[PDB]
Ligand SMILES: [Ca+2]
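In PDB author numbering, the protein residues as written are 16 to 34, 37 to 67, 69 to 125, 127 to 130, 132 to 184, 184A, 185 to 188, 188A, 189 to 204, 209 to 217, 219 to 221, 221A, 222 to 245.
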């Protein structure tokens, strides 16, 4: 997250960190046994870390659980990043509490102008690299479709939406991928991609979760 602020320990109870000897992506807990993240974050040997704040020190409240299976969307395209969504089933059910809670799936899509909260342990600099120890937060509005399509270099599909600031300075970034975009208490987006980070006229692009609710439910129910 670039230009964001320190969230505060466990204030984002649904935030997850995907780990393979190091933090490589974020995710969102949607129920005691399932996490939603980005398909481009797929990898074998994933350990899910819940209740995290400082990802480099054990502070208490953390729950480390191995992934028993990762389900990348069948129509995911690595070239365009269309359908950049993945479901991870935990080997064991997480112990839900005040610091580890699930986030609700949307019943309808969010409209332009809606304010949302994006979070993660990704790069905090537009130029160069600097990874934080603690979870970062950023409030950003969903942009209109016309502005989204006019500013994006690559193709923006109906399964994506833009969020952020056209003036630059505030955006999600490398390492935040797979993370949550929550608006009105519902998970509306997944950090997917962008052109650089916090650049002028280059807002972040996210996976539009409201288009995958049925798929999420059907997949979880049959696994
Ligand atoms: Ca920790």
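Think of the CB as a built atom: it goes at the ideal place given N, C-alpha and C, for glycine as much as any other residue.
| Check | Outcome |
| --- | --- |
| Mapping DSSP to helix, strand and coil, what is residue 97? | coil |
| Would you mind sorting residue 70 into buried or exposed? The rule is 16 or more other CB atoms within 10 Å of its CB. | buried |
| Count Cβ pairs between the stretch 162-178 and the stretch 144-153 that sit closer than 8 Å; are there 3 or more? | no |
| Among the candidates 76, 65, 75, 92, whose CA atom is the shortest distance from the CA of residue 82? | 65 |
| Find the nearest neighbour of residue 85 within the set 143, 67, 221, judged by alpha-carbon distance. | 67 |
| Using DSSP with H/G/I as helix, E/B as strand and the rest coil, what is residue 56? | helix |
| What does the alpha-carbon distance come out to for the pair residue 216 and residue 25? | 27 Å |
| Would you mind reading off the limits of the beta strand (DSSP E) that contains residue 229? | 226-230 |
| I want to know whether the stretch 46-60 touches the stretch 72-79 - three or more CB-CB distances under 8 Å. | no |
| Using only alpha-carbon positions, find the residue among 99, 200, 192, 232 that is nearest to residue 16. | 192 |
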